[PDB]
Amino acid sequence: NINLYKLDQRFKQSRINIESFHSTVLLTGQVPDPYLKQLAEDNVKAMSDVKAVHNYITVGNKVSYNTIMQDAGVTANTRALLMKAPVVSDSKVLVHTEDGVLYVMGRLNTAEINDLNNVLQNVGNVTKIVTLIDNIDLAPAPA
């Protein structure tokens, strides 16, 4: 029961964001040990109707208030660029920024993905971009 021991004290030191879009979950945030990072993934994967989980939680101290506000501003800037985009729609992707990493998740076609990649290069205050896009034009695997 090591991953449950003193869970309350460890979670008080944590920030855990759980964001779902369709049946895919993005985990971001900060926890004090790898046991809690894995527990969060295990617990989310066990939820009904969850298909895939992307666990980008880090093991380390919680980020500062100014960081989450800067992160939110990056996300707001990205959403504004998306609703202005020619092809890709703002409704079709989830956008989250955690500690300067811009995450974009959703289901798009190839034309929409190319537009999205063009938009994301225009976002400031981003150290890394992680796209989690399922291309709906990909042929399904054979039986």
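From 1 onward, residues are counted along the sequence shown.
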item: Between the two ranges 16-24 and 123-131, the one averaging a larger CA B factor in the entry; value: 123-131
item: Residue stretch of maximal mean CA temperature factor, 74-82 vs 61-69; value: 74-82
item: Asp42, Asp49, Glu98, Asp33, ranked by C-alpha B-factor: the highest one; value: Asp49
item: Given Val87, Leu94, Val53, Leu102, the residue at which the Cα B factor reaches its maximum; value: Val87
item: Cα B factor band for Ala143 (lowest, middle or highest third within the chain); value: highest
